[PDB]
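Undergrad: What follows is the file upload-v2.cif, containing mmCIF, C-alpha atoms:
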```
data_work
loop_
_atom_site.label_atom_id
_atom_site.label_comp_id
_atom_site.auth_asym_id
_atom_site.auth_seq_id
_atom_site.Cartn_x
_atom_site.Cartn_y
_atom_site.Cartn_z
CA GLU A 1 96.45 113.34 101.49
CA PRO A 2 98.43 115.07 104.30
CA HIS A 3 102.08 115.53 103.31
CA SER A 4 104.53 115.44 106.19
CA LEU A 5 108.11 116.11 107.18
CA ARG A 6 108.90 114.60 110.60
CA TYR A 7 111.94 113.87 112.74
CA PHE A 8 112.03 111.29 115.52
CA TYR A 9 114.79 111.32 118.14
CA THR A 10 115.30 108.53 120.68
CA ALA A 11 117.69 108.87 123.64
CA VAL A 12 118.22 106.09 126.15
CA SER A 13 120.28 105.81 129.30
CA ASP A 14 121.07 102.13 128.67
CA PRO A 15 121.74 101.10 125.07
CA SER A 16 121.16 97.48 124.06
CA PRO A 17 121.33 95.40 120.84
CA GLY A 18 119.47 97.36 118.16
CA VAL A 19 119.21 100.49 120.35
CA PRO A 20 122.13 102.95 120.20
CA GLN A 21 122.26 105.73 122.78
CA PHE A 22 120.77 108.23 120.30
CA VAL A 23 118.92 107.85 116.99
CA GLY A 24 117.42 110.58 114.85
CA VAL A 25 115.31 109.58 111.84
CA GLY A 26 113.65 111.79 109.23
CA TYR A 27 110.50 110.98 107.29
CA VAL A 28 108.77 112.48 104.27
CA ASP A 29 105.16 111.43 103.74
CA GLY A 30 105.64 108.49 106.10
CA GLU A 31 108.81 107.15 104.47
CA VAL A 32 112.37 107.21 105.85
CA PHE A 33 114.85 109.38 103.99
CA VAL A 34 117.62 110.22 106.55
CA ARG A 35 119.07 108.56 109.63
CA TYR A 36 121.60 109.52 112.31
CA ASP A 37 122.79 107.56 115.31
CA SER A 38 125.45 107.83 117.99
CA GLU A 39 127.06 104.70 116.54
CA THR A 40 128.10 106.42 113.31
CA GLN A 41 127.68 110.11 114.27
CA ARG A 42 126.61 110.66 110.66
CA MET A 43 123.49 111.82 108.89
CA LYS A 44 123.19 109.12 106.25
CA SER A 45 120.90 108.89 103.24
CA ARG A 46 118.07 106.37 103.55
CA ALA A 47 116.45 106.99 100.14
CA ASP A 48 118.03 107.38 96.70
CA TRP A 49 116.08 110.51 95.80
CA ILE A 50 117.46 112.54 98.72
CA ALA A 51 121.04 111.44 98.00
CA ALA A 52 120.69 112.28 94.30
CA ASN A 53 119.63 115.86 95.09
CA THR A 54 121.97 117.07 97.83
CA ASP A 55 125.65 117.97 98.02
CA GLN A 56 128.13 116.91 100.70
CA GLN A 57 127.53 120.23 102.44
CA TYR A 58 123.95 119.08 103.12
CA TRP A 59 125.10 115.90 104.85
CA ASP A 60 127.76 117.92 106.69
CA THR A 61 125.32 120.50 108.11
CA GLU A 62 122.75 117.80 108.92
CA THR A 63 125.45 115.82 110.73
CA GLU A 64 126.45 118.95 112.67
CA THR A 65 122.85 119.63 113.70
CA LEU A 66 122.31 116.12 115.00
CA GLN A 67 125.63 115.88 116.84
CA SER A 68 124.49 118.93 118.77
CA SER A 69 121.11 117.33 119.40
CA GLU A 70 122.83 114.14 120.53
CA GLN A 71 124.85 116.06 123.10
CA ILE A 72 121.75 117.95 124.23
CA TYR A 73 119.68 114.83 124.75
CA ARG A 74 122.50 113.37 126.85
CA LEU A 75 122.07 116.45 129.04
CA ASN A 76 118.27 116.21 128.91
CA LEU A 77 118.34 112.69 130.33
CA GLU A 78 120.47 113.84 133.28
CA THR A 79 118.16 116.84 133.71
CA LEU A 80 115.13 114.56 133.91
CA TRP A 81 116.94 112.31 136.41
CA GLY A 82 117.11 115.27 138.73
CA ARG A 83 113.35 115.76 138.35
CA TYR A 84 112.06 112.39 139.59
CA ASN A 85 112.89 110.04 142.48
CA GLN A 86 113.50 106.90 140.36
CA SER A 87 117.02 105.44 140.86
CA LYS A 88 119.16 103.59 138.26
CA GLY A 89 116.56 102.46 135.70
CA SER A 90 116.07 102.35 131.94
CA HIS A 91 115.27 105.88 130.78
CA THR A 92 113.76 106.63 127.38
CA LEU A 93 113.42 110.14 126.01
CA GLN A 94 111.66 110.67 122.70
CA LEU A 95 111.10 113.68 120.44
CA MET A 96 108.82 114.03 117.45
CA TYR A 97 108.55 117.25 115.50
CA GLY A 98 107.68 118.46 112.05
CA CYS A 99 104.97 119.89 109.87
CA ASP A 100 101.94 118.80 107.87
CA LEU A 101 100.83 120.34 104.59
CA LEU A 102 97.12 119.61 104.40
CA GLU A 103 94.95 119.40 101.29
CA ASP A 104 93.57 122.97 101.37
CA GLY A 105 97.05 124.45 101.77
CA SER A 106 96.81 125.04 105.52
CA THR A 107 99.60 123.80 107.75
CA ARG A 108 100.26 122.33 111.18
CA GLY A 109 103.40 121.93 113.22
CA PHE A 110 104.39 119.57 115.99
CA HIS A 111 106.96 119.45 118.76
CA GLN A 112 106.22 116.83 121.43
CA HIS A 113 108.42 115.04 123.98
CA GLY A 114 107.76 111.70 125.63
CA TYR A 115 109.45 110.43 128.79
CA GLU A 116 109.22 106.80 129.87
CA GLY A 117 106.66 106.04 127.14
CA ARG A 118 104.29 108.79 128.37
CA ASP A 119 103.66 112.38 127.23
CA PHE A 120 105.99 114.93 128.72
CA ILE A 121 105.58 118.30 126.97
CA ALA A 122 103.91 119.27 123.68
CA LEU A 123 103.75 122.44 121.59
CA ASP A 124 100.15 123.63 121.32
CA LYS A 125 98.41 124.48 118.03
CA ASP A 126 99.12 128.22 118.38
CA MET A 127 102.84 127.23 118.62
CA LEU A 128 103.54 129.74 121.40
CA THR A 129 102.52 127.80 124.56
CA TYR A 130 103.19 124.25 125.71
CA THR A 131 101.18 121.63 127.57
CA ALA A 132 103.12 120.01 130.40
CA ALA A 133 101.91 116.58 131.48
CA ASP A 134 103.35 116.73 135.01
CA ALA A 135 105.24 118.94 137.46
CA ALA A 136 108.62 117.82 136.14
CA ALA A 137 107.53 118.92 132.66
CA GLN A 138 106.16 122.21 134.01
CA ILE A 139 109.70 123.25 134.95
CA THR A 140 110.59 123.03 131.24
CA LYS A 141 107.44 124.98 130.31
CA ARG A 142 108.00 127.99 132.59
CA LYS A 143 111.65 128.03 131.50
CA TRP A 144 110.69 127.99 127.80
CA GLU A 145 107.62 130.26 127.68
CA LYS A 146 109.85 132.94 129.22
CA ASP A 147 112.12 133.15 126.17
CA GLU A 148 110.34 135.18 123.49
CA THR A 149 113.00 134.68 120.82
CA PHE A 150 113.19 130.92 121.38
CA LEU A 151 109.42 130.66 121.05
CA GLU A 152 109.47 132.66 117.80
CA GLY A 153 112.38 130.63 116.43
CA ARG A 154 110.53 127.33 116.82
CA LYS A 155 107.25 128.69 115.45
CA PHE A 156 109.13 129.99 112.43
CA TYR A 157 111.01 126.73 111.83
CA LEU A 158 107.81 124.70 111.87
CA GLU A 159 105.72 127.24 109.94
CA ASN A 160 108.33 128.31 107.40
CA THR A 161 111.55 126.29 107.24
CA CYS A 162 109.99 122.85 107.85
CA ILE A 163 107.20 123.38 105.32
CA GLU A 164 109.36 124.69 102.52
CA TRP A 165 112.02 121.99 102.93
CA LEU A 166 109.09 119.56 102.81
CA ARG A 167 108.14 121.01 99.41
CA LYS A 168 111.75 120.73 98.23
CA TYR A 169 111.86 117.11 99.37
CA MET A 170 108.52 116.43 97.65
CA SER A 171 110.10 117.70 94.41
CA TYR A 172 113.25 115.66 94.93
CA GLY A 173 111.30 112.45 95.44
CA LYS A 174 108.17 112.82 93.29
CA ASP A 175 108.82 109.75 91.17
CA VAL A 176 109.30 107.54 94.23
CA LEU A 177 106.77 109.24 96.52
CA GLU A 178 103.84 109.41 94.07
CA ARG A 179 104.49 106.10 92.35
CA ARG A 180 101.86 103.37 92.49
CA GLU A 181 102.42 99.66 93.14
CA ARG A 182 99.56 97.19 92.77
CA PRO A 183 98.59 94.80 95.56
CA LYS A 184 98.94 91.13 94.68
CA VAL A 185 95.89 89.73 96.48
CA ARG A 186 95.14 86.14 97.52
CA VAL A 187 92.06 84.86 99.37
CA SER A 188 92.69 81.75 101.47
CA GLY A 189 90.37 79.75 103.65
CA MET A 190 90.16 76.80 106.00
CA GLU A 191 86.84 75.15 106.60
CA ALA A 192 86.70 73.66 110.11
CA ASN A 193 83.97 71.35 111.33
CA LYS A 194 81.27 74.04 111.22
CA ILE A 195 83.00 77.33 110.32
CA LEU A 196 85.01 78.45 107.26
CA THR A 197 87.22 81.46 107.92
CA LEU A 198 88.21 83.33 104.79
CA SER A 199 91.48 85.28 104.67
CA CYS A 200 92.23 88.10 102.25
CA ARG A 201 95.92 89.09 102.01
CA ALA A 202 97.18 92.10 100.01
CA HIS A 203 100.91 91.92 99.24
CA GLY A 204 103.14 94.79 98.15
CA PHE A 205 100.91 97.82 97.65
CA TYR A 206 102.13 101.44 97.56
CA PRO A 207 101.05 104.07 98.65
CA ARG A 208 100.16 103.09 102.26
CA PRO A 209 96.45 104.06 102.44
CA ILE A 210 94.21 101.10 101.59
CA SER A 211 90.68 99.90 102.27
CA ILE A 212 90.04 96.14 102.53
CA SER A 213 86.54 94.91 103.35
CA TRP A 214 84.48 91.75 103.10
CA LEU A 215 81.29 91.54 101.06
CA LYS A 216 78.30 89.23 101.21
CA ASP A 217 76.44 89.44 97.88
CA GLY A 218 78.11 92.84 97.36
CA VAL A 219 77.08 94.12 100.80
CA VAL A 220 79.78 95.02 103.31
CA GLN A 221 80.14 92.91 106.47
CA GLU A 222 81.93 95.52 108.54
CA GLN A 223 80.99 94.12 111.94
CA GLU A 224 82.07 90.60 110.88
CA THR A 225 85.46 91.66 109.39
CA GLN A 226 88.73 91.44 111.35
CA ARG A 227 91.63 93.56 110.02
CA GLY A 228 95.30 93.41 110.71
CA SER A 229 97.13 96.70 110.76
CA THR A 230 98.93 97.90 107.67
CA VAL A 231 102.55 96.78 108.02
CA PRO A 232 105.58 97.35 105.79
CA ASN A 233 107.57 95.09 103.51
CA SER A 234 111.33 95.43 103.11
CA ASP A 235 111.13 97.38 99.81
CA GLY A 236 108.88 100.20 101.02
CA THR A 237 105.62 98.50 100.00
CA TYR A 238 102.88 97.39 102.38
CA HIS A 239 100.78 94.42 103.51
CA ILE A 240 97.36 93.87 105.09
CA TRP A 241 95.05 90.92 105.77
CA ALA A 242 91.32 90.78 106.56
CA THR A 243 89.48 87.69 107.74
CA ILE A 244 85.81 86.81 108.13
CA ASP A 245 84.12 83.68 109.47
CA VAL A 246 81.39 82.31 107.21
CA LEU A 247 79.02 79.37 107.02
CA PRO A 248 80.61 76.81 104.65
CA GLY A 249 77.55 76.39 102.45
CA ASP A 250 77.42 80.16 101.92
CA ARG A 251 81.06 80.22 100.65
CA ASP A 252 80.12 81.36 97.15
CA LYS A 253 78.57 84.64 98.37
CA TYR A 254 81.82 86.15 99.69
CA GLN A 255 84.43 88.31 97.99
CA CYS A 256 87.18 90.54 99.37
CA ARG A 257 87.11 94.15 98.14
CA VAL A 258 90.33 96.21 97.95
CA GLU A 259 90.20 99.97 97.45
CA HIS A 260 93.61 101.36 96.55
CA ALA A 261 95.12 104.17 94.47
CA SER A 262 96.98 101.70 92.23
CA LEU A 263 93.72 100.02 91.20
CA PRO A 264 91.60 101.65 88.47
CA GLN A 265 88.41 100.64 90.34
CA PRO A 266 87.96 98.79 93.63
CA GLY A 267 89.12 95.22 93.04
CA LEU A 268 87.14 92.13 94.03
CA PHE A 269 88.74 88.80 94.94
CA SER A 270 87.38 85.30 95.64
CA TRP A 271 88.47 82.04 97.19
CA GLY B 1 105.43 106.07 136.36
CA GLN B 2 106.99 103.89 133.61
CA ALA B 3 104.46 103.14 130.87
CA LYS B 4 105.33 99.70 129.53
CA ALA B 5 103.61 98.08 126.56
CA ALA B 6 103.76 94.62 125.21
CA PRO B 7 104.58 93.96 121.52
CA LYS B 8 102.06 93.00 118.89
CA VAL B 9 103.44 90.71 116.19
CA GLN B 10 102.47 89.83 112.60
CA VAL B 11 104.27 87.21 110.48
CA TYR B 12 103.78 87.27 106.70
CA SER B 13 105.55 86.70 103.41
CA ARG B 14 106.38 89.41 100.87
CA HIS B 15 104.46 87.61 98.11
CA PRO B 16 101.72 84.96 98.23
CA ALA B 17 103.59 81.73 98.86
CA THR B 18 104.17 78.84 96.45
CA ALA B 19 105.95 75.71 97.71
CA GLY B 20 109.54 75.81 96.48
CA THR B 21 109.53 79.42 95.25
CA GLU B 22 111.90 81.91 96.91
CA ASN B 23 110.24 84.64 98.97
CA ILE B 24 110.85 86.94 101.93
CA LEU B 25 109.59 86.15 105.44
CA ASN B 26 108.55 89.24 107.43
CA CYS B 27 108.01 89.69 111.16
CA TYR B 28 106.67 93.09 112.25
CA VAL B 29 106.86 93.84 115.98
CA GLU B 30 104.99 96.98 117.10
CA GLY B 31 103.42 98.59 120.14
CA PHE B 32 106.28 98.05 122.60
CA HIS B 33 107.98 100.19 125.27
CA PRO B 34 110.81 100.17 126.35
CA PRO B 35 112.74 99.95 123.07
CA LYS B 36 114.93 97.08 124.33
CA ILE B 37 113.79 93.91 122.55
CA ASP B 38 115.02 90.70 120.91
CA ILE B 39 113.42 89.48 117.66
CA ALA B 40 114.47 86.22 116.01
CA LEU B 41 113.33 84.41 112.85
CA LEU B 42 113.24 80.66 113.24
CA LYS B 43 113.17 77.74 110.75
CA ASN B 44 111.92 74.58 112.49
CA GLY B 45 113.05 76.18 115.74
CA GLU B 46 116.49 77.19 114.41
CA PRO B 47 117.77 80.66 113.40
CA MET B 48 117.77 81.64 109.75
CA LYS B 49 120.38 82.95 107.35
CA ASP B 50 120.56 86.52 106.14
CA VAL B 51 118.11 87.95 108.64
CA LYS B 52 118.03 91.72 108.28
CA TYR B 53 116.70 94.36 110.66
CA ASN B 54 115.04 97.58 109.53
CA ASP B 55 115.22 100.84 111.50
CA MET B 56 113.45 100.88 114.83
CA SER B 57 110.88 103.68 114.77
CA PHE B 58 108.00 104.91 116.97
CA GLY B 59 104.53 106.42 116.66
CA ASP B 60 102.15 108.75 118.48
CA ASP B 61 101.64 106.74 121.71
CA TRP B 62 105.46 106.64 121.94
CA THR B 63 105.58 102.89 121.28
CA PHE B 64 108.14 101.26 119.06
CA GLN B 65 108.05 99.30 115.79
CA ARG B 66 110.61 97.14 114.07
CA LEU B 67 110.54 95.02 110.93
CA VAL B 68 112.62 91.84 110.66
CA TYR B 69 112.94 89.83 107.46
CA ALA B 70 114.94 87.14 105.72
CA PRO B 71 114.93 85.18 102.47
CA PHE B 72 113.27 81.81 102.57
CA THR B 73 111.64 79.24 100.32
CA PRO B 74 108.43 77.97 101.93
CA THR B 75 107.69 74.25 101.77
CA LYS B 76 104.83 72.16 103.10
CA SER B 77 106.44 71.01 106.36
CA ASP B 78 108.94 73.79 107.17
CA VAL B 79 107.67 75.78 110.15
CA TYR B 80 108.78 79.43 110.31
CA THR B 81 108.17 81.36 113.50
CA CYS B 82 109.07 84.78 114.81
CA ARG B 83 110.34 84.69 118.40
CA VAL B 84 109.95 87.94 120.37
CA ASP B 85 111.55 88.46 123.78
CA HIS B 86 110.46 91.64 125.55
CA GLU B 87 110.35 92.52 129.22
CA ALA B 88 106.63 93.26 129.02
CA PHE B 89 106.25 89.57 128.08
CA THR B 90 106.13 87.00 130.86
CA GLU B 91 108.34 84.81 128.67
CA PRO B 92 109.59 84.90 125.07
CA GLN B 93 106.66 84.42 122.65
CA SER B 94 106.45 82.63 119.29
CA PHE B 95 104.33 83.45 116.23
CA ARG B 96 104.13 80.96 113.38
CA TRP B 97 103.99 81.95 109.74
CA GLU B 98 100.81 80.58 108.11
CA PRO B 99 101.87 79.38 104.59
CA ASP B 100 98.56 80.33 102.89
CA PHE B 101 99.35 78.37 99.66
CA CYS C 1 116.46 119.98 107.22
CA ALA C 2 116.69 119.15 110.93
CA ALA C 3 116.06 121.98 113.41
CA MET C 4 118.86 123.53 115.48
CA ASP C 5 118.15 122.80 119.18
CA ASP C 6 118.11 126.24 120.76
CA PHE C 7 116.95 125.02 124.19
CA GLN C 8 117.19 122.01 126.51
CA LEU C 9 114.45 120.63 128.78
#
```
What would you get if you wrote out this structure as structure tokens?
TA:
Amino acid sequence: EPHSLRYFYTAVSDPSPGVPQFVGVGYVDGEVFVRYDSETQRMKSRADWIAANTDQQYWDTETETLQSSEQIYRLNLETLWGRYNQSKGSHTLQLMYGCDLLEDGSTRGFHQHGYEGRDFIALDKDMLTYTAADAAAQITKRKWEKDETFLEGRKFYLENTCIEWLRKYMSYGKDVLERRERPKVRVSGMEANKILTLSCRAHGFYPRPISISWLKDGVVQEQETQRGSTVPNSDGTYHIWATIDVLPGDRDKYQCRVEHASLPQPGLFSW
Amino acid sequence: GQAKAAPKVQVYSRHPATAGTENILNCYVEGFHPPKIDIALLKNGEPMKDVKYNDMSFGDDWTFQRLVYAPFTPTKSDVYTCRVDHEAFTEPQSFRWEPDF
Amino acid sequence: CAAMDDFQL
């Protein structure tokens, strides 16, 4: 299980309903815990366990940091407008950065920009050089790889500050983050004139990793199974379906198998 | 140039449905760029009460995700759809909840 | 803790 602290910034030239000019969102182990936007201009708590474990100075510094970032991405959009010949269009600038704590203790860091839904510039694994996707992004790269102290600063944040605040957050939220919630599973089916398609739905499981597969006489039918993507419910739990088409007379041979941390053994379910 | 991406949509209830038992209807729109989008929950073609909108987020390919949800009580004839309007769509698209009683 | 943005693009 790869633990993660990640921030996602989104800066647009043309806000619209649901899309403020700037949004910054923080995640621990895949789950929201803080949010900032240019609507409020406030780092706000998005999970009880982070609120319960910080003082108002925390929210005040975090708000200060993101107000600065908001101003800087306003400048970055103008900067990128002077780097391409597109006129008055919708511009989207995105940032993702953070750190992974892997199983063995080793660590990785990330700092990647996207412009107009494509890669723009990304910090490499050594964390001292960048990959530019195009000539516009190469102007940023030469500019940045010239500044020894800025390079060190970022490497240190991702290697040291990010990782240790991730550990603090993991402490703060252990009882939420490492809880288990059982999937409530239902197999449905509709026989048509010649083909019965079975549908296995798993409702409300936590944590997010799950394996759902279809079995004929206990033997997996991987090529015949069709999986939706894992998608969230409102209360931080998750949902997945898996279907398989079967011959009606062979109905009785088919069971849906769910592998999940909340289940003592892999669970089997039937129509 | 501009990398556009059309949404992918899934409609589903929080719990397995039973006719006449309160539930939550979910519509999860993902895979879309630019972020500008309209997502509506519809009961027999008409908007629903108490629709809520989670935080728009994005993943590795830069595309966007948004969860929409509302309370509902499924019945046998009530049709619930999720209507998504996005500029990568030719026209606004509808996705019907399958009761799965 | 969010990082302080010591450089623009």
Undergrad: Do you have the CA of residue 61 (chain A)-CA of residue 41 (chain A) distance handy?
TA: 12.3 Å
Undergrad: Leaving out residue 51 (chain A) and any residue of its chain fewer than 4 positions from it, which residues lie within 12 Å of it when counting all atoms listed in the file, given as a list in words?
TA: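 Near residue 51 (chain A), the qualifying residues are residues 33, 34, 43, 44, 45, 46, 47, 55, 56, 57, 58, 59, 169, 172 and 173 of chain A.
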Undergrad: Expand the PyMOL selection byres ((chain B and resi 15-30) around 7) into the explicit residue set it covers here, and present it as an NGL selection string.
TA: (:A and (186 or 203 or 231)) or (:B and (7-14 or 31-32 or 64-76 or 82 or 99-101))
Undergrad: Hey, can I get the axis-aligned box for region 3-8 of chain C? All listed atoms, 3 Å padding on each side, centre and edge lengths in Å to one decimal, as lines of an AutoDock Vina configuration file.
TA:
```
center_x = 117.5
center_y = 124.1
center_z = 120.0
size_x = 8.8
size_y = 10.3
size_z = 19.1
```
Undergrad: Starting from the displayed file, determine the output of the PyMOL selection byres ((chain A) within 9 of (chain B)) and express the residue list as a PyMOL selection string.
TA: chain A and resi 8+10+12+15-19+25+32+35+90-92+94+96+114-119+184-189+199+201-204+228-229+231-234+238-239
Undergrad: To test your reading of the syntax: which residues would the PyMOL selection byres ((chain A) within 9 of (chain C)) return for the file shown? Reply as a compact mmCIF listing (two decimals) with C-alpha atoms, in the coordinates of the input.
TA:
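File written: out.txt
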```
# COMPACT_ATOMS: atom_id res chain seq x y z
CA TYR A 7 111.94 113.87 112.74
CA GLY A 26 113.65 111.79 109.23
CA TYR A 58 123.95 119.08 103.12
CA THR A 61 125.32 120.50 108.11
CA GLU A 62 122.75 117.80 108.92
CA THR A 65 122.85 119.63 113.70
CA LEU A 66 122.31 116.12 115.00
CA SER A 68 124.49 118.93 118.77
CA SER A 69 121.11 117.33 119.40
CA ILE A 72 121.75 117.95 124.23
CA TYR A 73 119.68 114.83 124.75
CA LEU A 75 122.07 116.45 129.04
CA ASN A 76 118.27 116.21 128.91
CA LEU A 77 118.34 112.69 130.33
CA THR A 79 118.16 116.84 133.71
CA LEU A 80 115.13 114.56 133.91
CA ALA A 137 107.53 118.92 132.66
CA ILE A 139 109.70 123.25 134.95
CA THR A 140 110.59 123.03 131.24
CA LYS A 141 107.44 124.98 130.31
CA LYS A 143 111.65 128.03 131.50
CA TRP A 144 110.69 127.99 127.80
CA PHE A 150 113.19 130.92 121.38
CA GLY A 153 112.38 130.63 116.43
CA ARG A 154 110.53 127.33 116.82
CA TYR A 157 111.01 126.73 111.83
CA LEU A 158 107.81 124.70 111.87
CA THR A 161 111.55 126.29 107.24
CA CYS A 162 109.99 122.85 107.85
CA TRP A 165 112.02 121.99 102.93
CA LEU A 166 109.09 119.56 102.81
```
Undergrad: CA of residue 271 (chain A) and CA of residue 223 (chain A) are how many Å apart?
TA: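 Result for CA of residue 271 (chain A) versus CA of residue 223 (chain A): 20.5 Å, one decimal.
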Undergrad: What is the CA of residue 2 (chain A) to CA of residue 104 (chain A) distance in Å?
TA: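 Answer for the CA of residue 2 (chain A) to CA of residue 104 (chain A) separation: 9.7 Å.
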Undergrad: Find the residues around residue 190 (chain A) up to 10 Å (all atoms listed in the file counted), leave out those fewer than 6 positions away in its own chain, and share them as number ranges by chain.
TA: A: 196-199, 245, 248; B: 100
Undergrad: Can you find the residues with an atom no farther than 12 Å from (101.9, 106.9, 90.6), counting all atoms listed in the file, and report them as a list in words?
TA: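 Looking at atoms near the point gives residues 173, 174, 175, 176, 177, 178, 179, 180, 181, 182, 205, 206, 207, 260, 261, 262, 263 and 264 of chain A.
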Undergrad: Residues within 8 Å of region 128-134 of chain A, please, as a list in words. Count all atoms listed in the file; anything in the same chain fewer than 3 positions from it doesn't count.
TA: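 Here the answer would be residues 119, 120, 121, 122, 123, 124, 137, 138, 141, 145, 151, 152 and 155 of chain A.
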Undergrad: Please, could you write that set of residues out with C-alpha atoms as a PDB file, keeping the file's coordinate frame?
TA:
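part_6.pdb written:
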```pdb
ATOM      1  CA  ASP A 119     103.660 112.380 127.230  1.00  0.00           C
ATOM      2  CA  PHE A 120     105.990 114.930 128.720  1.00  0.00           C
ATOM      3  CA  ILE A 121     105.580 118.300 126.970  1.00  0.00           C
ATOM      4  CA  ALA A 122     103.910 119.270 123.680  1.00  0.00           C
ATOM      5  CA  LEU A 123     103.750 122.440 121.590  1.00  0.00           C
ATOM      6  CA  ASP A 124     100.150 123.630 121.320  1.00  0.00           C
ATOM      7  CA  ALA A 137     107.530 118.920 132.660  1.00  0.00           C
ATOM      8  CA  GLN A 138     106.160 122.210 134.010  1.00  0.00           C
ATOM      9  CA  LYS A 141     107.440 124.980 130.310  1.00  0.00           C
ATOM     10  CA  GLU A 145     107.620 130.260 127.680  1.00  0.00           C
ATOM     11  CA  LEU A 151     109.420 130.660 121.050  1.00  0.00           C
ATOM     12  CA  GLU A 152     109.470 132.660 117.800  1.00  0.00           C
ATOM     13  CA  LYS A 155     107.250 128.690 115.450  1.00  0.00           C
TER      14      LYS A 155
END
```
